[PDB]
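One chain comes next, on its own, written as structure tokens: the form deposited in one PDB entry.
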């Protein structure tokens, strides 16, 4: 069903994550972690303290799709084993230093063609697929976007609801 999912999304905040490559999203799906640039790292840390759920919605650049969405389970932390991110050109490892823990809610893809009816008030009412890494998505648009993804029956939201 979708009832527990709607409960997790209740009063949530939503952020678009744009990854330059697929390998980093695959690693995030395997290990339950994400790292972003310092500007976005500060925003996500503030949001984590402010909201019952902070949802990251992932899209690999040039893929034409979202690859899934996840909930922050922690603020960023330093000093773990260096995650083997594939770094963009001109991208350094210290820039991706802070590591957030995340719980995946959906690991299934959603093509941009399916979200063409959703616009984001916080990005000039452009289609929600449009945005820079870290762009916040207003509550109603983000909720509807998450509800468009195919159900991920491999995930049990019972743990998740408890983290809240």
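Numbering follows the first chain given and starts at 1. We call the rigid core whatever largest set of C-alpha positions still superposes within 1.5 Å between the two forms.
From this point on, the text means the form deposited in another entry, which you will not see here.
Chemist: Which of the listed residues (95, 27, 130, 118) moves its Cα by 2 Å or more between the shown form and the other one when the core is kept in place?
Modeler: The one that shifts is 95.
Chemist: Taking 2 Å as the cut-off, check whether the CA of residue 37 shifts that much or more between the shown form and the other one after a rigid core fit.
Modeler: Residue 37 C-alpha, core-superposed: shift of 2 Å or more.
Chemist: Do the C-alpha atoms of residue 39 and residue 123 sit closer or farther apart in that other deposited form than they do here, given a shift of 3 Å or more?
Modeler: Here the pair is closer than in that other deposited form; there, farther apart.
Chemist: Relative to what's shown here, the Cα pair residue 124 and residue 39 differs by 3 Å or more in that other deposited form. Does it come closer or drift farther?
Modeler: Farther apart in that other deposited form, by 3 Å or more.
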